[PDB]
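> Keeping their order, the protein sequence lines are chains P and A. Using UniProt numbering, read the first sequence as starting at 4 and increasing by one per residue. Using UniProt numbering, read the second sequence as starting at 4 and increasing by one per residue. One structure coming up, written as structure tokens, with questions to follow.
There are 2 protein chains.
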Amino acid sequence: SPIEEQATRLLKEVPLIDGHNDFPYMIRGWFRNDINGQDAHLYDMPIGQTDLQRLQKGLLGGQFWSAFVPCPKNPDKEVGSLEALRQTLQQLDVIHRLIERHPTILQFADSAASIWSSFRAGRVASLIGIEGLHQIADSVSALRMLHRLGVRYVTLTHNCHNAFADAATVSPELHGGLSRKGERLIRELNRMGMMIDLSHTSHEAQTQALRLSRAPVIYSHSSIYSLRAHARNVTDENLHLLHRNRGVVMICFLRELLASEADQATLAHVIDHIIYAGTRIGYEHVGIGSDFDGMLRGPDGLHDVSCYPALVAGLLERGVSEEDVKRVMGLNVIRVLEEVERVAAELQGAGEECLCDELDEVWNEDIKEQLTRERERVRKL
Amino acid sequence: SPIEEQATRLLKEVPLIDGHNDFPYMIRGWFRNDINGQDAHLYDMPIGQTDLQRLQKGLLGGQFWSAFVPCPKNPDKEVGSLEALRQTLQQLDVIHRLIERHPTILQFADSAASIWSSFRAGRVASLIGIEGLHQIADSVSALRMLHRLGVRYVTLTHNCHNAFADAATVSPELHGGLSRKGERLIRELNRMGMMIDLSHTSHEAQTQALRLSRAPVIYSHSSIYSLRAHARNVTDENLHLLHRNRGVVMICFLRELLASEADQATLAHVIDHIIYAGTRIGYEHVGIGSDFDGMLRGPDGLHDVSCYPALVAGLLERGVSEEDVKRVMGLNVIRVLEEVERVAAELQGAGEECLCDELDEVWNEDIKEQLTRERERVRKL
Ligand SMILES: [Cl-]
Ligand SMILES: [Cl-]
Ligand SMILES: [Cl-]
Ligand SMILES: [Cl-]
Ligand SMILES: [Cl-]
Ligand SMILES: [Cl-]
Ligand SMILES: [Zn+2]
Ligand SMILES: [Zn+2]
Ligand SMILES: [Zn+2]
Ligand SMILES: [Zn+2]
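What follows is the structure, encoded as structure tokens:
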């Protein structure tokens, strides 16, 4: 078909970059992060919506792989919070090992330049994002180390409130948006060059973050509230504030977020949501955020990662221009990561002070006096 | 003086690379890792044996900065172990922030090539090592992420036994050397390209590690047992096994490890220890491992980081040849890091399997059946 040729051409011209995929958590569920001698299965998985053969088949240009761990359930909150930090390092480890063992398919990327160079070489640009600030164990130091490990976005919450922000699906509210810590963390995320992700956060937390952020943010996997009312979807108010922010809403394939009856959801609904946002806040502020492997079943026509050419063909079929389709595929999310990087270099170049943790005093006054007396003895030599 | 000119010339020809310095822990003790607007103090410290002015003054070519945290003291061992992991990320964070805020003095290095390029540019090559396997919280995944954060050696223990090995200063013995886990970790450390450090470990743990390791190891800060009997010093047996291993013993400035009476220790004692090892196992297997800021007071003549030219002059004065002095300064520890890297590329190139953690089952059989049924539905489309 001519439109199917056109869609294939576009997929090889520019990278389709998906905002969120939980294939690393499926590896923890199925293999327990032990992928030694499991290549046959990693190429042809017995479960889930993602494997390395179907990933090639769908012609996906890039992917933000989720390093998600669940919200802590231990009655002791100290242990649960610290356990989530260790599990985060396990999920970051298996993502890096997945990329390293399959260098012909996957290539690690942490910037706009590294995405393109990966795409030139014919590989899926493999980026990383964590899903919730519960994963850092209230450590801004840990968060900066996660950035060094290759994490390029942070979802502020998952399905639990944390010290920084409110989740959408939990009531009652704790902070009623962002906390005082949350507001201060937004500055630090902008300074370090970490992309803010507003999926899973409450409507009020989105509004506050969209006004405060000095860099553009994303919704890694969220849909439109006006088409389908849900706590996880983006309101018209926040869509307009996203436009002012210069951010991107990456549209989700979750059936509950697309239709009132989940079994009615389809590829056509995903296209309706993309066109709604593209019409009202422009096609330079819309993306694709599947949430594959964060669900059991997908919409009719978007059942797995091999189905991306049908989405590209569907957008072209409805009258979205080539240039606008390319924007929705990946050019927009590349721009946001590029602008997040530019703002960070701007603020770091100006000598902005970093957010430090509240650390305990480890020395008493007796130890400090011994140290000062010792220093003055050395000065007299 | 002619020997003082000779020592200065050598310090500018090749980098003096010190094996261990705890200046990052002094920053946690004094500043609580908040170095914003503390440049005047970081250049001229009111405490300790290390600051950025004296670091320049001593003409030090490189440094393995310690990312040490104390052995956990919480009655609950789960919390203490997990707390040590968070504190490790705080210490790695402040080390990276220290290097980043002073790029004229310090430059990050994680290899032999990066050490030289830093030294060509006139900067102190800033490498990182953790002091104890209690710091990883029994996570090999975490350990691989610490390698990604820039850690290039791991001391197997500090002053506490862990699941992998026995410390020297604690009795009774737990494992009587390395555990079964410890033996398996040695293979993983060789595979990933992590330099093994045998300081603080028991004599039997050293012997076992020296026989098992496929790459050369180091003693980041240890002295000679025959000259001064102490649990922390290296025996003649282990010195010979270090020779077969192709490793390096980096001589310590700790007064307790150099003399029976601590106040009698001197620069001359450090030179006696270097010459003893250099005479018996060759000068290509000896280094300098100060342990500055891991003590209150140093030996007479080695009171702080400005005193390295006196050590170089002292070695030349005793009749150690220029080429042998250059080896002790840094060429030896560069070689070990180069060989550790070569062995890792060798083993990784041959497709050796990595050590995985013991992870809990997160899905029951009901969830796995839903996933397999869902996959087969997709196959039929
Ligand atoms: Cl380009
Ligand atoms: Cl609007
Ligand atoms: Cl699921
Ligand atoms: Cl060279
Ligand atoms: Cl011997
Ligand atoms: Cl001390
Ligand atoms: Zn997810
Ligand atoms: Zn989600
Ligand atoms: Zn130390
Ligand atoms: Zn020590």
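We put the CB at the ideal spot given by N, CA and C, even for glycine.
1) Taking 8 Å as the cut-off, does the stretch 245-259 of chain A touch the stretch 216-224 of chain A (at least 3 CB pairs, one atom from each stretch)?
2) Tell me which residues share the same chain as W33/A and place their Cβ nearer than 7 Å to its Cβ, disregarding the 5 neighbours each side in the sequence.
3) Would you call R345/P buried or exposed, if buried means 16 or more other Cβ atoms sit within 10 Å of its Cβ?
4) On the DSSP letters alone, give me the boundaries of the beta strand (DSSP E) that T158/A sits inside.
5) With a threshold of 8 Å, establish whether the CB of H161/A neighbours any heavy atom of ligand 10.
6) Three-state secondary structure (DSSP) at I291/A?
7) Just checking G301/P against ligand 3 - is the residue's beta carbon closer than 8 Å to any of the ligand's heavy atoms?
8) Give the range of the beta strand (DSSP E) segment to which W68/P is assigned.
9) Step through the CB atoms of chain P and report whether any lies within less than 9 Å of the CB of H161/A.
10) In chain order, what are the residue ranges of uninterrupted beta strand (DSSP E) at least 3 long that sit wholly in the stretch 153-241 of chain P?
11) Any beta carbon of chain A sitting closer than 9 Å to that of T53/P?
12) So with CB distances below 7 Å, who are the chain A contacts of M148/P?
13) Can a CB atom of chain P be found closer than 9 Å to the CB of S4/A?
14) Shorter than 9 Å from the beta carbon of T204/P to some beta carbon of chain A?
15) Look at the Cβ atom of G281/P, then the Cβ atom of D327/P, and state whether they are nearer than 9 Å.
16) Residues of the stretch 300-316 of chain P in Cβ contact with chain A at a cutoff of 8 Å, in chain order, please.
17) What does the Cβ neighbour count give for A232/A, buried or exposed, with the cut at 16 atoms within 10 Å?
18) On a Cα-Cα basis, can you pick out the residue from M198/P, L149/P, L244/P and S226/P that is closest to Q209/P?
19) Would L374/P pass as an interface residue toward chain A - the criterion being a Cβ-Cβ separation below 9 Å?
20) When the cut-off is 9 Å and only beta carbons count, does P75/A lie next to chain P?
21) Taking only three categories from DSSP, how would you classify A112/P?
22) So for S129/P, helix, strand or coil by DSSP?
23) Can you check DSSP and say which residues form a bridge with residue 388/A?
24) Can you find at least 3 beta carbon pairs, one from the stretch 56-72 of chain A and one from the stretch 53-61 of chain P, that sit closer than 8 Å?
25) Compare the beta carbon distance of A348/P and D303/P with 9 Å and say whether it is the shorter of the two.
26) Three or more C-beta pairs closer than 8 Å, one from the stretch 128-145 of chain P and one from the stretch 158-178 of chain P: is that the case here?
27) Quick check on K371/A - is its C-beta less than 9 Å from some C-beta in chain P?
28) Tell me whether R376/P is buried or exposed, calling it buried when 16 or more other Cβ atoms sit within 10 Å of its Cβ.
29) So, is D363/A buried or exposed, given that buried needs 16 or more other C-beta atoms within 10 angstroms?
30) With a threshold of 8 Å, establish whether the CB of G250/P neighbours any heavy atom of ligand 10.
31) Give me, in chain order, the residues of the same chain whose beta-carbon lies closer than 8 Å to that of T91/P; leave out the 5 immediate sequence neighbours on both sides.
32) Is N193/A close to chain P? Criterion is C-beta to C-beta, closer than 9 Å.
33) Does DSSP put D42/P in a helix, in a strand, or in coil?
34) Measure from the C-beta of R378/P to each C-beta in chain A and report whether the shortest distance is under 9 Å.
35) Going by DSSP, what residue range makes up the alpha helix (DSSP H) through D96/P?
36) Hey, quick one: how far does the alpha helix (DSSP H) through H150/A stretch, first residue to last?
Short version:
1) yes
2) To locate residue 33/A, count along the second sequence from 1; it is residue 30. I50, listed in sequence order.
3) Taking the first sequence and counting its residues from 1, the one referred to as residue 345/P is at position 342. Classification for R345/P: exposed.
4) Counting from one through the second sequence, the residue named residue 158/A turns up at place 155. It spans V154 to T158 - the beta strand (DSSP E) in which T158/A sits, taken as one unbroken run.
5) Taking the second sequence and counting its residues from 1, the one referred to as residue 161/A is at position 158. Yes, since a heavy atom of ligand 10 falls inside the 8 Å radius drawn around the Cβ of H161/A.
6) As a first step, residue 291/A is located in the second sequence; it is residue number 288 there, counting from the start. Reduced to three states, the DSSP call for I291/A is strand.
7) Here residue 301/P refers to the residue found at position 298 of the first sequence. Outside the cutoff, so no.
8) Counting from 1 along the first sequence, the entry for residue 68/P is found at position 65. Start and end: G65 to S69.
9) The residue given as residue 161/A occupies position 158 in the second sequence. Not one chain P Cβ lies under 9 Å of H161/A.
10) 154-158 and 198-200
11) Working through the first sequence from its first residue, we reach residue 53/P at position 50. No, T53/P lies away from the interface with chain A (no Cβ there is under 9 Å from its Cβ).
12) Taking the first sequence and counting its residues from 1, one reaches residue 148/P at position 145. In chain order: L92, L95, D96 and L152.
13) To locate residue 4/A, count along the second sequence from 1; it is residue 1. Judged by the 9 Å Cβ criterion, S4/A is not in contact with chain P.
14) Here residue 204/P refers to the residue found at position 201 of the first sequence. No, because no Cβ of chain A sits closer than 9 Å to the Cβ of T204/P.
15) Counted from its first residue, the first sequence places residue 281/P at position 278. Counted from its first residue, the first sequence places residue 327/P at position 324. Cβ distance < 9 Å, so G281/P and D327/P count as in contact.
16) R300, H306 and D307
17) To locate residue 232/A, count along the second sequence from 1; it is residue 229. Exposed: under 16 other Cβ atoms inside 10 Å.
18) Walking along the first sequence from the start, residue 209/P turns up at place 206. That would be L244/P, whose Cα lies nearest to the Cα of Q209/P.
19) Position 371 of the first sequence, counted from the start, is the residue given in the question as residue 374/P. Chain A contact via Cβ: present.
20) In the second sequence, residue 75/A corresponds to position 72, counting from 1. Judged by the 9 Å Cβ criterion, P75/A is not in contact with chain P.
21) Here residue 112/P refers to the residue found at position 109 of the first sequence. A112/P: coil per DSSP, three-state reduction.
22) Taking the first sequence and counting its residues from 1, the one referred to as residue 129/P is at position 126. Looking at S129/P - three-state DSSP - the assignment turns out to be strand.
23) Absent from the structure is residue 388/A, since the part of chain A shown begins at 4 and ends at 384.
24) no
25) The count along the first sequence starts at 1 and reaches residue 348/P at position 345. The count along the first sequence starts at 1 and reaches residue 303/P at position 300. Not closer than 9 Å, so no.
26) yes
27) Counted from its first residue, the second sequence places residue 371/A at position 368. Closer than 9 Å: yes.
28) Residue 376/P sits at position 373 when you count from the first residue of the first sequence. Per the 10 Å Cβ criterion, exposed.
29) Indexing the second sequence from 1 puts residue 363/A at position 360. By the neighbour-count rule (16 or more Cβ atoms within 10 Å), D363/A is not buried but exposed.
30) Sequence index remark: in the first sequence, residue 250/P carries index 247 (1-based). No.
31) Within the first sequence, residue 91/P is the residue found at index 88, counting from 1. Closer than 8 Å at Cβ, skipping near neighbours: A70, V72, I133, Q138, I139 and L149.
32) The residue you call residue 193/A lines up with position 190 of the second sequence. Output row for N193/A: interface = no.
33) Here residue 42/P refers to the residue found at position 39 of the first sequence. Three-state DSSP puts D42/P in a helix.
34) Counting from 1 along the first sequence, the entry for residue 378/P is found at position 375. Yes - at least one Cβ of chain A is within 9 Å of the one on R378/P.
35) Your numbering for residue 96/P matches position 93 in the first sequence. Taken as a continuous stretch (DSSP letters only), the alpha helix (DSSP H) holding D96/P covers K80 to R104.
36) The residue you call residue 150/A lines up with position 147 of the second sequence. Residues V143 to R151.
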